[PDB]
Amino acid sequence: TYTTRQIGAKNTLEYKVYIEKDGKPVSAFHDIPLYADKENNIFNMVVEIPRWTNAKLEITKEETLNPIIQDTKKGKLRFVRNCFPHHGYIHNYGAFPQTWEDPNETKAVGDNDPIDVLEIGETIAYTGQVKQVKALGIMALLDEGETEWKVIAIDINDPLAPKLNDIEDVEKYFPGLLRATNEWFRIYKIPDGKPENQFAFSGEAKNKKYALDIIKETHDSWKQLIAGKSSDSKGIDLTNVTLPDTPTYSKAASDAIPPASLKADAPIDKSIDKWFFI
Amino acid sequence: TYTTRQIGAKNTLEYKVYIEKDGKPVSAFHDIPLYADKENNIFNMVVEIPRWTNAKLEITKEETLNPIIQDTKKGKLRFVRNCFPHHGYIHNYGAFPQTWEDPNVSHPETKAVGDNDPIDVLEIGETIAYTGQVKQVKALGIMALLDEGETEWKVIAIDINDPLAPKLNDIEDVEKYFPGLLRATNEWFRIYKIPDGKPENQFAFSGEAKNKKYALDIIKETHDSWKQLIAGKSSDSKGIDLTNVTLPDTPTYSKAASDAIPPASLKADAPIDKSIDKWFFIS
Ligand SMILES: [Mg+2]
Ligand SMILES: [Mg+2]
Ligand SMILES: [Mg+2]
């Protein structure tokens, strides 16, 4: 059973969310199996950012057991701005554990992170949630000379999940969502003074087969990383508590995590309310 | 100074928000002046629903001092559903006090029927408002929605404290600084009740927003109707509670009605059913 352990108040520098397995913290990057049901292509998704929120929460590659923390820019908490007609993130946003885009069709290098996941179901997720999802398709975003693969997925518990099997089903049951996704990832950093991003494949979402191939490739890259066999381990903390055949296994790491110290959410500056027309 | 007095937990049937002046409840319908600065057409807006929320909170016409309470559908709490690409309400949404769309007036040429409520206000500024907030706004324009045979005027307004307020003076400025917002507004009010099993609504003027000059005259008309109502001179006041604490020339004036309101009993927001998360694709 997966649960979460929160340290600190949300929307602060001290906020951390660890994933627990049966009460014990594990690495959100390394210790959560990619596959919930390998034979049926059911994946575990680690949720970072609930739909319609702004705080840029991410699995932290650099900290032991890779808790989810709010990203920072030169010491300041990072929030995505609201880009009309959108409110914060327009998907439940997260990552597949045990995947890694090694930075060494899109002609842009890996981004050094787990593959990104856009979960499109009705229910708003929570930070640190492990949910089970099916892959529907995939887009390739080009941001600052790196490829960021975005897997389109749905919670298998969603009422519509049985009717959604491949990318064409998203156009049928969620008309306009793929267009909104294209627009959002193109423009979401413009309010921060960064350039418009671009998609490979003229913004096309490739199908489930294509998605499964990319997922598998990035899982294979992760296997090389965690075995200590990658060229550059990039200051990624590879500490893990479920993989004893790896050089960075450490059973002790779980008990070293402080107890939950859950505080009320800290206020967010009212500037984050602003709707940008860009 | 206007403040709020909350009774109960948000998102429950018991929740009420009274508007206070000097720490004492006043009528949110009758006692807040329409004009903050009449000379310059600066209005007081009563905010009911913050942008990007779902709970259908409204000034309650039939309750003494007209607190804001969540509307019900056959007694069940009403939440507006999320209609892609929108999240909840896309404006800070509320009303002008001391206005009333009189439902008793015959408009035989237009066949328009007033909706029996204060005139609705869409406030377009950057900051998300709070329920029961009294903010000062400039009117920019107006739209006319037809919903189930009733005309609902929607005033387009901006908080005078918004950084853009000095640059927003008439309806055309909204398209300049908020491109696409008026088009989205048209869509929103057309479709927002479809997930509830109601028809698509229609706008007059093929959805065009009339300008400030046109808007002021509609607002004036609804203020005139309210003056008749609060004087006890409407041919049918529809069980509206006309109790007020600031209008001595009215028959239902009573400063002491304020004292009868219970003290604040603010509780933490109640959870909202997860169904309200759902995003509806109307296509
Ligand atoms: Mg990521
Ligand atoms: Mg009505
Ligand atoms: Mg109204």
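Computed from heavy atoms alone, side chains included, the values below leave out hydrogens, waters and symmetry copies. Labels below follow one simple rule: chain letters A, B, ... track the order of the sequence lines, proteins then strands, and each chain is numbered from 1.
Within a 6.0 Å sphere centred on CD of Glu168(A), heavy atoms belonging to other residues, nucleotides or ligands number more than 12. Surrounding CD of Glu200(B) are more than 12 heavy atoms belonging to other residues, nucleotides or ligands, all under 6.0 Å away. Within a 6.0 Å sphere centred on NZ of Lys56(A), other residues, nucleotides and ligands contribute more than 12 heavy atoms. Heavy atoms of other residues, nucleotides or ligands lying less than 6.0 angstrom from CD of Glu175(B) number more than 12. Sparse packing is recorded around CZ of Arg183(B), with 12 or fewer heavy atoms of other residues, nucleotides or ligands lying under 6.0 Å away.
With a 4.5 angstrom heavy-atom cutoff, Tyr177(B) touches chain A only via backbone atoms.
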(request) Begin with the C-alpha distance, continue with both residues' side-chain angles, and end with the deciding distance and a verdict on side-chain contact (heavy atoms from CB on, under 4.5 Å) for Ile90(B) and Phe84(A). (result) CA-CA 10 Å; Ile90(B) 68 169; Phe84(A) 177 87; 5.5 Å; no
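The shortest non-hydrogen separation linking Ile128(B) to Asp273(A) is N-OD2, 2.8 Å.
Note on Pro159(A), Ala180(A), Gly176(A): by heavy-atom pairs under 4.5 Å with chain B, the leading option is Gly176(A).
From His87(A), atom NE2 reaches atom CG of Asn82(B) across 10.5 Å, with rounding to the nearest 0.5 Å. Atom CG of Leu177(A) sits about 6.5 Å away from atom CH2 of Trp279(B), to the nearest 0.5 Å.
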